[PDB]
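Below sits a lone chain in structure tokens, taken as the form deposited without ligand LZ1.
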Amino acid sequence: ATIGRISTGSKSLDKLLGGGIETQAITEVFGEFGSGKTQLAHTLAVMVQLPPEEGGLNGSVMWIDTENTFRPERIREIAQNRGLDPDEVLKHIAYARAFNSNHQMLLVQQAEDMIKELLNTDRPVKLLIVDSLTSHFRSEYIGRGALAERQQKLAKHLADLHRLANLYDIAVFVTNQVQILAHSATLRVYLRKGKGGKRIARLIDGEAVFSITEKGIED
């Protein structure tokens, strides 16, 4: 399958990314608390539902939430302000809370069932969000010997996510709160606060600038 692109809502960020978030890839956004990672996730969960000529993939969404940070009313606000029906957009997000890292890993395997079910409908899954990818792993695997153990378990989790992205033509979008470790995401985007309330994005391995608004994010 040819890869698809999803607009982030920001022309600046889309250009940095080569035309938006890619399917058949894991895109990791990382940065400090408050850098806008979850706002970008909320915006993408709306944008992917747009038709292709507007920057979406006519797609539905699966969301795995490790920090109780998903806000249905934020989805509804972004949707309405972009001209979409807020309740239809929300209904196309399958939502699950992961209560520890082992549950998080099972939920990714569980997601394959719904992905297969929706694959030949008019709104197949096109975006899988894990927010936060790392918070449970950081809490649970700590101290001497934890680096190797945590990295190995996260490598398996990311291998599972890569398989879903590649096999079913899905964009996987993950967040990582960061104040030397290896990472296996396809593309890593560093996000930080700038002046004037702006957020600044930089690829790791120019910079885009965007604001957080009633439309989610935009230039």
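From 1 onward, residues are counted along the sequence shown.
Missing here is the form solved in complex with ligand LZ1; even so, the following discussion is about that form.
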Among the candidate stretches 58 to 66, 45 to 53, 182 to 190, 169 to 177, which one is within 4.5 Å of ligand LZ1 in the entry with it bound when only heavy atoms are counted?
58 to 66
Since only the chain is shown here, I'm wondering whether residue 90 would be in contact with ligand LZ1 in the entry with it bound (any heavy atom pair within 4.5 Å).
no
Report whether the minimum heavy atom distance between residue 100 and ligand LZ1 in the entry with it bound is within 4.5 Å.
no
Is residue 94 close to ligand LZ1 in the entry with it bound, meaning a heavy atom pair under 4.5 Å apart or at it?
yes
Residue 107: touches ligand LZ1 in the entry with it bound, heavy atom cutoff 4.5 angstroms:
yes
